[PDB]
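Chains, contacts and geometry: an overview
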Amino acid sequence: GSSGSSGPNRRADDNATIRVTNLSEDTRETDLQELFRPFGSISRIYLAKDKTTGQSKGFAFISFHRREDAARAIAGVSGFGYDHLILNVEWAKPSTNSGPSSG
C-alpha cells in the first residue's frame, strides 16, 4: 500500500507524461533515463523522494517530447522485469477525452 499524497500542481493535458510505480532502491533518475531511452529522447525525469528519509519513495514520472515516444514506453515498460519485479506504468493523465483536435 502506497500513500496517495499529492501537491505539485501538474496540469498535463497535452504534454507527454507517464507515471511509474513498483521501483527499486537501486532505481534512480539515471537508471530510468536509460530505460526509457530505447523509445526516444527524454525531456525530464521526476522521482518521488522523501525529506525525512531522503530516498526513492517508489514511484516516478517520466516526461517525453512527443506523444508517440511516450506511448512507446507505457507499452513496453508495462510488464517489464525490473529488479525481478513487475514494473507498473500508466499515462499520468486520465483518458477522459476520446480524441482531441486533429492537426
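- Looking at the PDB entry, one finds the protein chain named Eukaryotic translation initiation factor 3 subunit 4 and attributed to Homo sapiens.
- The record deposited in the PDB is entitled "solution structure of RNA binding domain in eukaryotic translation initiation factor 3 subunit 4".

**Looking at the sheet that holds strand β3 (residues 56–64)**
- Within the open sheet, the four strands sit side by side as β2-β3-β1-β6. Their pairing is antiparallel. Edge strands, defined here as strands with exactly one partner in the open sheet, are β2 (42–49) and β6 (88–91). Across this sheet, the average inter-strand angle for adjacent strands is 20°, counted without regard to direction.
- Along the sheet, helix α2 (residues 67–76) contacts β1 (16–21), β3 and β6; its crossing angle with β6, the most-contacted strand, is approximately 150°.

**Considering the UniProt feature "domain: RRM" in the protein chain**
- Taking the UniProt record as the reference, the feature "domain: RRM" is found at residues 16–94.
- With 19% helix and 39% strand, residues 16–94 has end C-alpha atoms that lie 12 Å from one another.

**Things to note about α2**
- Taken residue by residue, α2 has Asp69, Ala70, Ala73 and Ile74 as its buried positions. Looking straight down α2, one finds its buried side chains confined to an arc of 140°; they lie on one side. In α2, those exposed residues whose orientation departs by more than 90 degrees from the buried face are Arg67, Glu68, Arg72 and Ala75.
- Contacts made by the buried residues of α2 are with β1, β3 and β6.

**As for unusual backbone geometry**
- Phi is positive for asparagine 22, close to 70°, though the residue is something other than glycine.
- Note that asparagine 22 resides in the loop between β1 and α1 (29–33).
- Judged by relative accessible area, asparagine 22 falls into the partly exposed class, the value being 35%.
- The backbone phi angle of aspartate 83 is positive, close to 45°, even though this residue is not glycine.

Quick notes on the rules
Residues numbered from 1 in each chain as written, not as in the entry; some residues may be left out. Heavy atoms only, no water. Pairing = 2+ DSSP bridges. Helix = DSSP H or I, 4+ residues; strand = E, 2+ residues; numbered from the N terminus. Axes fitted to C-alpha atoms, helices over the stretch in contact; angles between N-to-C directions. Contact = heavy atoms within 4.5 Å. UniProt positions renumbered as here; feature names shortened; annotations may be inferred. Buried < 20%, exposed > 50% of the residue type's maximum accessible area, 1.4 Å probe, protein only. Arc of directions from axis to C-beta.

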